[PDB]
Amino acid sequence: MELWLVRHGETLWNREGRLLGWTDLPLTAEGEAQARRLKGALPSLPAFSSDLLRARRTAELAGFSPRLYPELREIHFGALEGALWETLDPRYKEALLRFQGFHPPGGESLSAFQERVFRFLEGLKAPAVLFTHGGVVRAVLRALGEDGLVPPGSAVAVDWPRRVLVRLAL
């Protein structure tokens, strides 16, 4: 079943290199421009979106009116929200790189995060466009055996749960 995974446009913490999870940052002017560019590429399938502002705004500027689901949110980094990637303790960096064994204080475990994401995906009943976050796109790509890193404002279409259909990076 065709699903488009869209990573929201950039925020200030992207250029600053800070962990961005449930902190509700707005899009930068460039992030808004990235969202508008998606309007000329994304198919008009039923739309869903993380309820966080940056995702909702990306959906709006891309020409969609999404059903909001907190299950599409990025992982909750807890006390690590806003932490510089560069100065993250080695244990955290290593865990995020291997995508396992990450459970920041006051936040979500990577395992709980994946449970949440895949429960939502398995519940979908028709093709859809999903406005979400980097960690969510990464989890899905990794599940399909692919490298899960994608740029802000870009998207990847997948034939769930079989394979990747195409990547769209502008």
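Throughout, we count residues from 1 along the sequence that is shown.
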property: Selected stretch [higher average CA B-factor]: 45 to 53 or 114 to 122; result: 114 to 122
property: Higher-B stretch (mean Cα B-factor, as the entry records it), 158 to 166 or 144 to 152; result: 144 to 152
property: Options 138, 67, 103, 36 - largest CA temperature factor per the record; result: 103
property: For residue 29, the third of its chain into which the C-alpha B factor falls; result: highest
property: Chain third (lowest, middle, highest) by recorded CA B-factor, residue given as residue 80; result: middle
